[PDB]
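J.: Supplied in structure tokens, the structure appears directly below.
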Ligand SMILES: OC[C@H]1O[C@@H](O)[C@H](O)[C@@H](O)[C@H]1O
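Numbering (mature numbering (1 follows the signal peptide of the UniProt record, and there is no 0)), first residue to last: 1 to 614.
If you want it as structure tokens, here you go:
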């Protein structure tokens, strides 16, 4: 039964932004026309709220007191005139700057001459105050100057976040911070708590190129960091290409489907003045929007890929027994794709399936659902009225500390944290699972009665898991339920007692595996497939670098590619052999410490070549 209410958490931003269609070629008239078309198309009623002015409004000029100055030939009345126009339509206004001394308009000019000085470094408080005073509700802070200068992203965006907070506090106007640093230095590790959204990869589309499904899928894959997203903090796979020239209606729907299953921001990027009726309908689908904006705030995850390129993604929705599902076909042929209740963390009990594009219920099942999916296409479903897998419930064993937390398998779990926050403001806490990288959790007002917020966490098989909270409201118990589709295994070295680990949750192709203290993080949870892959993050394969066949060959992660160097035999003697090479996974020089490199080596009887994988 439902006995403690789920507290709604903030959704990702919805709106439109000027970059994808206009590059730096923007002025007051360009923005005004898009606002008018946005309104005319009925986007506001569907939930689209932000009109975001991206790069090109500012050429780096400041007055003698350091105040940003604009060219009023392009921005008549100054920037407060465009915010006034946007606000006049009941919408929110966004602006754009850089973390460094000079912006992307300087480092990578794209439609205009280089703009030296187009960044906010040395002026964070000044500029944030200025944006808020002008009437901006949103600010996207880019990284061209940060990257150029060699800045540390985590500490730099903390400083920026603090300045954003002070500016909003001074004016009384909330300011939504978008961190835009392209997945450099792993923002999934640190951005939650600093900002409601952070870019997880490089740009979905570049100036002068045509929209690409390959690029779209790459951005989608790189945005999946389910432990980092929760309670109003979101991974950002970038601005929508929906409705841009070259994309068909089906590719537009697939674009919406994948952003929605992530719970990503829906920031339209097409030219709204020439948008078709069909495109507007795709942006406005309320059932797909409701999935994207789900009140529980969680990120969808891959739950099945029994056949290469035929994938099922599941998202845990608000309430109990409710899921959204995307069936995605990355192959060149139409194929059936099945999602099983077991993989979704439901029991084998009746549930209703609905197709969100057909807007019709399409059947019931106590076990699963199969649909035909076109080559390169997708189907968007909900599965509702299901029965949840049995959860564990825990009471804290000391202040803010939950111990003995149990998982049948290593992998992803949904945790509901009970608490009371009988004030008018959200409070935050730091959450750390085992020895993993910590995260920040937000706790919205509850009234006098307790409520829950939810987080996804990665746990180790067994009953040795700990969840520790620091700061924030006293919690009143946790509930833990597994998502079996995400099941993996720690790969633990016999000699070292340490786990095969990818440093600091890095996803970059070619990153070498290492030994590290076992903590059950996503960067330690390996899924062994029927294709003999050892898969990390749902989408990276343990890989003998460049198909190396001799001693000392580096073992890395790489996009899964079906090659023999990504295939592994898990042998009865405790060895793990690379299929291509016949060599053993090996902790280099039989070292046992954190940071010991994993390599391939000729198989022997040494315990630095012995592993447990359950
Ligand atoms: O020049 C502006 C562009 O700069 C890139 O760094 C950013 O990722 C894009 O989304 C756009 O803002």
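Beta carbons: idealized from backbone N, C-alpha and C, even for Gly.
When DSSP builds the beta bridges, which residues end up paired with residue 528?
T.: 534
J.: For residue 186, which residues in the same chain have their Cβ closer than 7 angstroms to its Cβ, ignoring the five residues on either side in sequence?
T.: 504, 505 and 506
J.: Near residue 108, which residues of its chain fall below 7 angstroms by C-beta distance, leaving aside the five closest residues on each side in sequence?
T.: 144
J.: Assuming contact is defined by CB atoms lying nearer than 8 angstroms, are residue 68 and residue 444 in contact in what I supplied?
T.: no
J.: Using three-state DSSP, classify residue 388 as helix, strand or coil.
T.: Strand at residue 388.
J.: Rounding to the nearest angstrom, what Cα-Cα distance links residue 304 and residue 257 in this structure?
T.: 17 angstroms
J.: Thinking just about the alpha-carbon of each residue, which of 369, 346 and 345 is nearest to the one in residue 355?
T.: 369
J.: Select from 13, 27 and 611 the residue whose C-alpha is nearest the C-alpha of residue 493.
T.: 611
J.: Use the C-beta contact count for residue 321: other C-beta atoms within 10 angstroms, 16 or more gives buried, fewer gives exposed.
T.: buried
J.: Following the continuous alpha helix (DSSP H) through residue 222, name the residue where it begins and the one where it ends.
T.: 213 to 223
J.: Would you tell me roughly how many angstroms separate the C-alpha atoms of residue 535 and residue 513, rounded to the nearest one?
T.: Spanning the two alpha carbons is a distance of roughly 12 angstroms.
J.: With DSSP as the reference, identify every bridge partner of residue 419, one or two as the case may be.
T.: Answer is 451 and 475.
J.: Verify the contact flag: residue 110, CB atom, against every heavy atom of ligand 1, threshold strictly below 7 angstroms.
T.: Yes, since a heavy atom of ligand 1 falls inside the 7 angstroms radius drawn around the Cβ of residue 110.
J.: Is residue 27 near ligand 1, in the sense that its beta carbon is under 7 angstroms from a heavy atom of that ligand?
T.: It does not: the Cβ of residue 27 is nowhere closer than 7 angstroms to a heavy atom of ligand 1.
J.: Using a threshold of 8 angstroms, state whether the C-beta atoms of residue 598 and residue 583 are closer than that.
T.: no
J.: In whole angstroms, what separates the C-alpha of residue 270 from that of residue 20?
T.: 7 angstroms
J.: Assuming residue 491 and residue 454 are in contact, meaning their beta carbons sit under 8 angstroms apart, how far apart are those beta carbons, in whole angstroms?
T.: Not really, about 29 angstroms apart at Cβ, beyond 8 angstroms.
J.: Can you give the Cα-Cα distance for residue 557 and residue 525, rounded to whole angstroms?
T.: 13 angstroms
J.: Once the 5 residues before and after residue 341 are set aside, which same chain residues still bring their CB inside 8 angstroms of it?
T.: 347, 348, 349, 351, 365, 366, 367, 368, 383 and 386
J.: Does residue 75 get closer than 8 angstroms to chain B when you measure Cβ to Cβ?
T.: Going by chain labels, chain B is absent from the structure shown, which holds only one protein chain.
J.: Could you tell me whether the stretch 223 to 238 touches the stretch 263 to 278, using the rule of 3 or more Cβ pairs below 8 angstroms?
T.: yes
J.: Which word fits residue 45, buried or exposed, when buried means at least 16 other C-beta atoms lie within 10 angstroms of its C-beta?
T.: So residue 45 counts as exposed.
J.: What does the alpha-carbon distance come out to for the pair residue 227 and residue 193?
T.: 13 angstroms
J.: Which residues in the same chain as residue 79 place their Cβ atom closer than 7 angstroms to its Cβ, once the five residues preceding and following it in sequence are excluded?
T.: These residues qualify, in order along the chain: 70 and 134.
J.: Excluding the 5 residues preceding and the 5 following residue 114 in the sequence, name in chain order all residues of the same chain whose CB lies nearer than 6 angstroms to its CB.
T.: 106
J.: Does the beta-carbon of residue 105, which I'm using as the reference point, lie nearer than 7 angstroms to any heavy atom of ligand 1?
T.: It does: the Cβ of residue 105 is within 7 angstroms (strictly closer) of some heavy atom of ligand 1.
J.: Any idea what DSSP makes of residue 166, helix, strand or coil?
T.: helix
J.: How many angstroms separate the CA atom of residue 279 from the CA atom of residue 242?
T.: 7 angstroms
J.: Regarding residue 142 and ligand 1, is the C-beta to nearest heavy atom distance less than 7 angstroms?
T.: Checking the Cβ of residue 142 against ligand 1 gives yes.
J.: Does the Cβ of residue 292 have 16 or more other Cβ atoms within 10 Å, making it buried, or fewer, making it exposed?
T.: buried
J.: Return the CA-CA distance between residue 211 and residue 203, expressed in angstroms with no decimal places.
T.: 11 angstroms
J.: With respect to 7 angstroms, is the separation between the Cβ of residue 157 and the closest non-hydrogen atom of ligand 1 below this value?
T.: no
J.: Is the beta carbon of residue 477 less than 8 angstroms from the beta carbon of residue 344?
T.: no
J.: Between which two residues does the beta strand (DSSP E) harbouring residue 432 extend?
T.: 427 to 433
J.: Going by beta-carbon coordinates alone, are residue 564 and residue 551 separated by less than 8 angstroms?
T.: no
J.: Compute the distance between the beta-carbons of residue 312 and residue 372, then report whether it is under 8 angstroms.
T.: Residue 312 is not a Cβ neighbour of residue 372, given a cutoff of 8 angstroms.
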